[PDB]
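[1] sequence first, structure after; it's an experimental one.
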Amino acid sequence: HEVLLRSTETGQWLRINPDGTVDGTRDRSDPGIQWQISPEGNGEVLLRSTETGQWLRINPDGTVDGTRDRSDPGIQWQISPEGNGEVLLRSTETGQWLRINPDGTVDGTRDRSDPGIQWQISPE
């Protein structure tokens, strides 16, 4: 039950790379864009890469990458639907929203109005 996470603004997909970097791509065939959601309970989820097995992580320095440490505090996310399949993903640890920028970089922000925090989630 894989899902794709897609930018509403640009249509770019959230991708993880073999080196652990996380960014955006327009290549629908990239194997790094398939994710699996697992419940943590209490409204939290993990997002795990089908390709690499790494979980999506946000770090104290604001960077977003992947990790295989299931105990890392930065891998818990909260999906907040806004209606019509639009969602925000908020980090339990930092309080930031996951942001994909038009240039394909992925980081965090507290700006509710940033167009890059708007995500769609669709089955692959």
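    Everything's here; your move. Numbers count the residues shown, from 1 in each chain.
[2] for residue 48, what are its contacts?
    Residue 48 sits next to 35, 36, 37, 38, 54, 55, 56 when contact means CB atoms under 8 Å, 6 or more residues apart in numbering. C-beta here means a position set from N, CA and C on the backbone, and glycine is covered the same way.
[3] one more pass at 10 Å, please.
    2, 16, 34-38, 54-56, 66, 68, 70, 75 (CB atoms under 10 Å, 6 or more residues apart in numbering).
[4] for residue 115, state which of the residues you listed is nearest.
    Nearest to residue 115, judged by CB to CB, of those is residue 56 at 20.1 Å.
[5] what about the strands in the protein?
    In the chain, the strands defined using DSSP state E lie at 3-7, 13-16, 22-25, 35-41, 44-49, 55-58, 64-67, 77-83, 86-91, 97-100, 106-109, 119-123.
[6] hang on, the earlier thing: can I get the contacts of residue 48 in TSV with distance to residue 96?
    Shown next, in TSV, are those (distance: CB to CB, whole Å):
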residue	distance to residue 96
2	25
16	18
34	24
35	19
36	22
37	19
38	21
54	19
55	16
56	13
66	17
68	22
70	21
75	14
